[PDB]
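Undergrad: My sequence and its experimental structure, below.
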Protein chains: 6
Amino acid sequence: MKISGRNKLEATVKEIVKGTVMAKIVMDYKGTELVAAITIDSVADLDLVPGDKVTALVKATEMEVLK
Amino acid sequence: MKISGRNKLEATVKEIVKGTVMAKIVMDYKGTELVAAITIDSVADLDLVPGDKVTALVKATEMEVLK
Amino acid sequence: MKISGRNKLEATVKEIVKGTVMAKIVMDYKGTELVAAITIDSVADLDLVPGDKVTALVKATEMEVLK
Amino acid sequence: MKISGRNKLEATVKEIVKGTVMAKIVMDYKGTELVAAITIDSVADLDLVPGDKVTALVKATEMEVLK
Amino acid sequence: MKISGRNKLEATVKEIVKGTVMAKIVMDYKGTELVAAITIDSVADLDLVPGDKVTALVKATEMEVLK
Amino acid sequence: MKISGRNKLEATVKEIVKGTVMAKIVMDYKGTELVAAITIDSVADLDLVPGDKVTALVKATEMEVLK
């Protein structure tokens, strides 16, 4: 299925820190570090581990611009 | 200042489409196209124009992961 | 691909209103009206039209609870 | 009060998991499971417990469409 | 009902700009200007008029900190 | 740098609660309490502590209006 969220970032998982409800997913994206905060439920469902190839997704309305 | 939003992507503005309230900011990040939807007020305040070097910003809690 | 965003609602598009930058997607979910505001770019990419069966997607961290 | 957030999902709380800062709220919505991640402060303020009839609320700009 | 969204700002509507899909709601909050981007449908549903006393609402997870 | 996020609230940190992944930042804004949920990574990066003068930041598209 196609997804409306416009920003797709093909990245690699570097580190995962699991809390009681949330998880920190640290990724590498063409040399830049990305940090996503998602539920532990999702970490389990996607079965994410360091080294995995993943797509970071961001809705256009959730992206700010700094200049 | 330092910004809590963890995701910073250094990009270049390619195109700007202005609506009555919102604006579409199309950017290039190392060959990947990004799309941000912000207010026209921000386009005016930052004086965004095609070619500008900017930083796309995304809060960690607003980034999903797909696999 | 599996998607971290935890909320998936299988819905049907009822109407689409296109602005210069954003589009209003009015959907029916088992009798409840849903409203998504996405970019016109996504309408074009997904080729969304009235009657389409789609999945409304919401990240867990973007859902409030009222009581 | 009326609320601008367009998506009101009248649901029932099924389970609550409390972390140090965040809390996972699992709900049933017209036969489909929802998962919200809110602050533990809110769980305490709303006195949320299983069986509670609540409204899951999603802003239109925070709802993606997949097809 | 009580609302999980933790940030409530009792403000006054200063200006409303209506687009095809979105509306800009400019508000005053104790001398500080606020700007919300909501759907035009919401302006009509709430029947917002400049001068009206309203509550600006922000989810805790959607608030960044700068220092 | 200028920031597209339109809502800037000059506040003071009152309390910080650190979880495994997220942190609760309790602030005072001209007598009104604010609550932000950001990553513990940001608390460390910004060296946030009670008494700090900070700017709470909210994107226009993430602010709802209630009436």
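TA: Sure thing, it's come through. Numbering: from 1, shown residues only, chains lettered A, B, ... in the order given.

Undergrad: where do the strands sit along chain A?
TA: Taking DSSP state E to define them, one finds strands in chain A at A:7-18, A:22-29, A:32-39, A:53-58, A:64-66.

Undergrad: Give me every residue in chain A lying close to chain D.
TA: A:1-5, A:19-22, A:39, A:41, A:59, A:61-62 (CB under 8 Å from any CB of the partner chain). (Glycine included, C-beta is placed from N, CA and C.)

Undergrad: For ChimeraX, write a command that selects the buried ones of these.
TA: ChimeraX command restricting the residues of chain A next to chain D to the buried ones, with burial defined by 16 or more other CB atoms under 10 Å in any protein chain shown:
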select /A:3,4,5,19,20,21,22,39,41,59,61,62
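
Undergrad: May I see the strands of chain A arranged in a markdown table, with distance to residue D:45 as well?
TA: Formatted as a markdown table, those follow (distance: least, CB to CB, whole Å):
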| stretch | distance to residue D:45 |
| --- | --- |
| strand A:7-18 | 26 |
| strand A:22-29 | 20 |
| strand A:32-39 | 21 |
| strand A:53-58 | 30 |
| strand A:64-66 | 29 |
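
Undergrad: Can you tell me the closest non-neighbouring residue to residue A:50?
TA: Nearest residue to residue A:50 in three dimensions, chain neighbours excluded: residue A:13, at 5.3 Å (CB to CB, 6 or more residues apart in numbering or on different chains).

Undergrad: That neighbour contacts residue A:49, correct?
TA: Yes: assessed by CB atoms under 8 Å, residue A:13 is found in contact with residue A:49 at 6.9 Å.

Undergrad: For those two, indicate the residue with more neighbours.
TA: The neighbour comparison of residue A:13 against residue A:49 (other CB atoms under 10 Å in any protein chain shown) goes to residue A:13, with 23 against 9.

Undergrad: Could you pull up the contacting residues of that one?
TA: Counting by CB atoms under 8 Å, 6 or more residues apart in numbering or on different chains, residue A:13 touches A:25-27, A:48-52, A:54.

Undergrad: Kindly report the same for residue A:36.
TA: A:24-25, A:27, A:56, B:60, B:63-65, C:4.

Undergrad: and the residue lying closest to residue A:14 once chain neighbours are set aside, bridged to which residues?
TA: What sits nearest to residue A:14 in space, not counting adjacent residues and going by CB to CB, 6+ apart, is residue A:26, at 4.7 Å. Beta-bridge partners for residue A:26, by DSSP bridges, are residue A:15, residue A:35.

Undergrad: Residue A:26: neighbouring residues, count only.
TA: Neighbour number of residue A:26 under other CB under 10 Å is 18.

Undergrad: try the one 5 residues further on
TA: Burial measure for residue A:31: 6 neighbouring residues, criterion other CB under 10 Å.

Undergrad: quick one: it from chain E, how far?
TA: Distance, residue A:31 to chain E, by CB to the nearest CB, to the nearest Å: 24 Å.

Undergrad: Residue A:3 too?
TA: Shown here: residue A:3 relative to chain E, a distance of 20 Å by CB to the nearest CB.

Undergrad: Next up, the contacts around residue A:58.
TA: Per CB under 8 Å, 6+ apart, neighbours of residue A:58: A:5-7, A:9, B:7, B:58, B:62-64.

Undergrad: Closest to residue F:32 out of those?
TA: residue B:62 (24.2 Å; CB to CB).

Undergrad: In chain A, which residue sits nearest chain F?
TA: residue A:19 (3.2 Å; CB to the nearest CB).

Undergrad: can you tell me which residues contact the residue lying closest to that residue once chain neighbours are set aside?
TA: Sequence neighbours aside, residue F:20 is the residue nearest to residue A:19 in space, at 3.2 Å (criterion: CB to CB, 6+ apart). Residues in contact with residue F:20 (CB under 8 Å, 6+ apart) are A:17-20, A:22, D:19-20, F:40.

Undergrad: do residue A:1 as well
TA: C:55, D:66-67 are the contacts of residue A:1 under CB under 8 Å, 6+ apart.

Undergrad: 10 Å instead?
TA: Residue A:1 is in contact with C:1, C:3, C:46, C:54-55, C:57, D:65-67, counting by CB atoms under 10 Å, 6 or more residues apart in numbering or on different chains.

Undergrad: What is the burial count for the residue lying closest to residue A:8 once chain neighbours are set aside?
TA: Spatial nearest neighbour of residue A:8, excluding adjacent residues (CB to CB, 6+ apart): residue A:55 at 5.3 Å. For residue A:55, the neighbour count with other CB under 10 Å is 18.

Undergrad: I'd assumed residue A:34 was in contact with residue A:55.
TA: No: Residue A:55 lies out of contact with residue A:34 (CB atoms under 10 Å); the separation is 11.1 Å.

Undergrad: Need the phi and psi values for residue A:31.
TA: Backbone torsions of residue A:31, given as degrees, to the nearest 10, read phi 100, psi -10.

Undergrad: thought it was touching residue B:30?
TA: Yes: Residue A:31 lies in contact with residue B:30 (CB under 10 Å); the separation is 8.1 Å.

Undergrad: Spell out which parts of chain A neighbour chain F.
TA: A:17-26, A:35-38, A:40, A:59-67 (CB under 10 Å from any CB of the partner chain).

Undergrad: let's see it at 6 Å
TA: A:17, A:19, A:22, A:24, A:37, A:61, A:64-67 (CB under 6 Å from any CB of the partner chain).

Undergrad: Just the buried residues from those residues, in PyMOL please.
TA: To isolate the buried ones among the residues of chain A next to chain F in PyMOL, judged by 16+ other CB under 10 Å, type:
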select buried, chain A and resi 17+19+22+24+37+61+64+65+66+67
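
Undergrad: on that earlier part again, what are the phi and psi values for the residue nearest to residue A:19?
TA: Dihedral angles (degrees, to the nearest 10) for residue F:20: phi -70, psi -30.

Undergrad: for residue A:48, what are its contacts?
TA: Contacts of residue A:48 were listed using CB atoms under 6 Å, 6 or more residues apart in numbering or on different chains, and they are residue A:13.

Undergrad: Then residue A:67?
TA: B:46, B:54, F:1-2 are the contacts of residue A:67 under CB under 6 Å, 6+ apart.

Undergrad: Understood, closing this out.
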